[PDB]
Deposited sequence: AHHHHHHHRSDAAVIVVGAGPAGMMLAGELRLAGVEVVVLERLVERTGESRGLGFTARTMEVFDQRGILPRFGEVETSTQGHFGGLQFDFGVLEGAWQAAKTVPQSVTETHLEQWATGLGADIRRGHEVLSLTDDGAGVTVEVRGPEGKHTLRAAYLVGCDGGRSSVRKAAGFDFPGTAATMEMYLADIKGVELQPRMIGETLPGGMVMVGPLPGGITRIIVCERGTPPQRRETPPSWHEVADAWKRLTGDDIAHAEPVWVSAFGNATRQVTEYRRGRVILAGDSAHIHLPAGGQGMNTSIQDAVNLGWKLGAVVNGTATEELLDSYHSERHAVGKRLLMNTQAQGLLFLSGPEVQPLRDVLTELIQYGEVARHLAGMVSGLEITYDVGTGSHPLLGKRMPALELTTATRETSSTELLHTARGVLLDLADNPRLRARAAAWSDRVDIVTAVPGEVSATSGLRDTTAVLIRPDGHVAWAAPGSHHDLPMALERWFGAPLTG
């Protein structure tokens, strides 16, 4: 009947979060209404940043060999992401349900208590905790935790119940998709017909009219409908209730962004909520999940709507495609768009300074220490802070030592770095558990103890 945190939903947000919470030592119970995984695999593949956030927790061997691609697009306009370092890491084909499967197995292995066939019906936040009414296999009962995170999808029960505001615009049309056998081991169709208002046969009629080709004879594996409703909560947290994934942001599924943003909500949240449970941090840390991820979510609605207009509008939008195509020929444009599609652009407010990596993801950096060959990616496996002492400076090691219960201080000779990476001439980096750079030397206005304090809390009492 207890846990430190209750997570509602075992989609990719919920499973990632459960795992992250376990890495922070948190007792976590996940509540999922479905008895089994649906096996749909509506999304295909994942972004280079998602691949990186899997990698930094050692999750990748679970997938085996993964096909990658630099061939991306923005609203249908094709171009090469190769122009942006690290964009090569995008997984091309993995179905959503395989990804979910691995994250479930990962999080379960770490000790997450996942209760399937348990539906959350209602909830009460009373300042000291959250209590949920749940229907399980045994019928109605209650559970209680310090915190409750709604990872329960587009039509979130938690969002509805805790009184979150969810402004934005209602659905305007309807698309269709189908898993089908016959003509071209089943191939997918993408049915986006002109002017469909908000049986599988109608899905055929929508294909014969759009392309001229007849397919009313195909075996229907999966058939589904979806909108272009675009909404985001004004608050990611109301007291002891938190949201991550679709529960916080819905949009047209354009340019492969939803699962990726939701998994990455969970990666921002886990370590922060864990610090809070463990008592090493205050709710100030917790607020940075709202500000950081509301900002990201806002950008996701922009991204997907902008692509949707380019994809779904008639020939009237062609002059815009044409202009944008011309712009895409410029390196800076290509990279900007690749930055946005990949998620590699993501930059949190961590204070000012000239260091080009502040607030951005720490890119993969090879490291030789005194006792081992390792990498920044490797050192992130346990979801602790990582301070890289790149120029054998022992003063640095002593300034940070009061946070060494929470931050690994690593002295290493760094590998070769690219001009564009941001790592040239860098003598030190403080990396947050989610991989984001809190501070670097030289070129941070804020000092190292401020950064350590801001993300990890009070120093140890000597």
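In sequence order, the gaps in C-alpha coverage of the deposited chain fall at 1-9, 194-215, 230-236.
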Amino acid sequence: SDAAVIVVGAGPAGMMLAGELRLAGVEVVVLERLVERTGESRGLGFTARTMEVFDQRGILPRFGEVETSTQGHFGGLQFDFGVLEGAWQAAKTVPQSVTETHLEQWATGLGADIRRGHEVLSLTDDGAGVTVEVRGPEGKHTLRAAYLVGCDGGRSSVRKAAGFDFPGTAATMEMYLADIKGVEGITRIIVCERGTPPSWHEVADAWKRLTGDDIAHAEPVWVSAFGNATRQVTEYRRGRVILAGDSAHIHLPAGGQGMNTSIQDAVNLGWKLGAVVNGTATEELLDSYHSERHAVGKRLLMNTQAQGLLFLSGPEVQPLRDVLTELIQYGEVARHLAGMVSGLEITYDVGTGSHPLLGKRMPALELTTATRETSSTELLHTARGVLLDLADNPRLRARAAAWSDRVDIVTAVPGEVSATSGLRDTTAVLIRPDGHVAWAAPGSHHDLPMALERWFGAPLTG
From here on, numbers count along this sequence of modelled residues.
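As the entry records it, the average C-alpha temperature factor is higher for 135-143, out of 135-143 and 381-389. Relative to its counterpart among 394-402 and 52-60, 394-402 has the higher mean temperature factor, C-alpha atoms as listed in the PDB entry. Highest C-alpha temperature factor among 332, 179, 85, 265, as the PDB entry reports it: 179. Between the residues 337, 77, 243, 121, the entry's highest C-alpha temperature factor is the one at 121. In the deposited entry, the Cα temperature factor of residue 224 places it in the highest third of its chain's modelled residues. Among all modelled residues in this chain, the alpha-carbon of residue 196 has a temperature factor (C-alpha) in the highest third. In the deposited entry, the Cα temperature factor of residue 172 places it in the highest third of its chain's modelled residues. In this PDB entry, the Cα temperature factor of residue 116 sits in the middle third of its chain's modelled residues.
Among all modelled residues in this chain, the alpha-carbon of residue 70 has a temperature factor (C-alpha) in the middle third.
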